[PDB]
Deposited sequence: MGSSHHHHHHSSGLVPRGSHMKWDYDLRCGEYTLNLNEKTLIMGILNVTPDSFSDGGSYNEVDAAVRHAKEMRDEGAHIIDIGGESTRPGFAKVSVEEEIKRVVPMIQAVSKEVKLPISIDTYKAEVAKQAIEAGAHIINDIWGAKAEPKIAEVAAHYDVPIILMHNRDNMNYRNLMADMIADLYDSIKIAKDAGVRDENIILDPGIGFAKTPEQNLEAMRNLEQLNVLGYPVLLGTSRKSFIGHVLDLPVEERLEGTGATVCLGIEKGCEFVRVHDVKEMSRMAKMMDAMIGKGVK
């Protein structure tokens, strides 16, 4: 099915063998500094190790979202260094800022993860190309008047691709993300879930990030820490509909669900 592997400096991610699990690293900044003091970085490393032991294939590390420019680096850079040295797994870096991206890679990060899909700061894609790292382009926008949910997402993603490619990004460094929970009503989220398979016509691996998001809340009527089951359902449907990757919080539980899906669908 994919005739190529994801190339990540020292690491090689096979796209045909299993749904790949990306572990969300939660950055808890020290209130008493702006930098990379012992507590934030040691907790980060701790968490990264736990996730590695629970089945994660990629550690995702993001500094601002939920900022400054200077601050993003000073807080993101020491964590990539430590997790890099102490955990043997590719790291993605979760930013839409070109500078931030750059520094992150030089610090050891391997994948770029841009929630603005290169629309943010198109320069990001040039960085992407320059280091030859895979870049995840997520669907997003600053409004939500849609002619047609699906047709628009596909158009939009495609607009991100154009930017990536016109910067020198190879098809094989491009991954897409439908951006569930961004720029969509709870209803539009469910519809996208229900039609995720349409992203495949674009020809690129797909990552899904629905972990504990708000729309799961809406359906189950349940707070952020009670969304394991709801997340799991979104994960399963995503694998059945063709996801190469899922970005989750609860790595132990989702690896098990992913691996059971993989066996059943025959990946």
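Colleague: Would you flag the ranges of the deposited sequence that the structure leaves without C-alpha positions?
Modeller: Going by the record, the segments left unmodelled (no C-alpha atoms) fall at 1 to 21, 88 to 93, 295 to 297.
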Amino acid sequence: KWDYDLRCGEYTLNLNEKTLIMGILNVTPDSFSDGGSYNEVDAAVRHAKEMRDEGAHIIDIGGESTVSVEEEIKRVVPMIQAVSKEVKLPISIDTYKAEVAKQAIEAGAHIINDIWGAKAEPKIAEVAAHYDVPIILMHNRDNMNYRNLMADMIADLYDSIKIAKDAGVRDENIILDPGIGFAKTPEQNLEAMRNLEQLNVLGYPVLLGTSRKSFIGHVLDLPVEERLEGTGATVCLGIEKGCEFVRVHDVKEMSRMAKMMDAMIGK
From here on, numbers count along this sequence of modelled residues.
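Colleague: Taking only the other compared entries that model residues on either side of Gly63, decide whether it is unmodelled in at least a third of them.
Modeller: That residue is missing from at least a third of the other compared entries.
Colleague: Is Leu228 a gap in at least one third of the other compared entries?
Modeller: Residue status for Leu228: no gap in any other entry.
Colleague: Looking at the deposited entry, does 67 to 75 or 134 to 142 carry the larger mean Cα B-factor?
Modeller: Comparing averages over the C-alpha atoms only gives 67 to 75.
Colleague: Going by the entry, which third of its chain does the Cα temperature factor of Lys259 land in?
Modeller: CA B-factor rank for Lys259: lowest third.
Colleague: Sorting the chain's CA B-factors, does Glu225 end up in the lowest, middle or highest third?
Modeller: Highest third - that is where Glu225 ends up once the chain's C-alpha B-factors are sorted.
Colleague: When the deposited Cα B-factors of this chain's modelled residues are ordered and cut into thirds, is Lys88 in the lowest, the middle or the highest one?
Modeller: Tercile = middle for this residue's CA B-factor.
Colleague: Would you mind checking where the Cα B-factor of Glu197 ranks among the modelled residues of its chain, as the lowest, middle or highest third?
Modeller: It falls in the middle third of the chain.
Colleague: State the tercile, meaning the lowest, middle or highest third, of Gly238 with respect to the CA B-factors recorded for its chain.
Modeller: Its C-alpha B-factor, which the entry lists for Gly238, ranks in the lowest third among residues of this chain.
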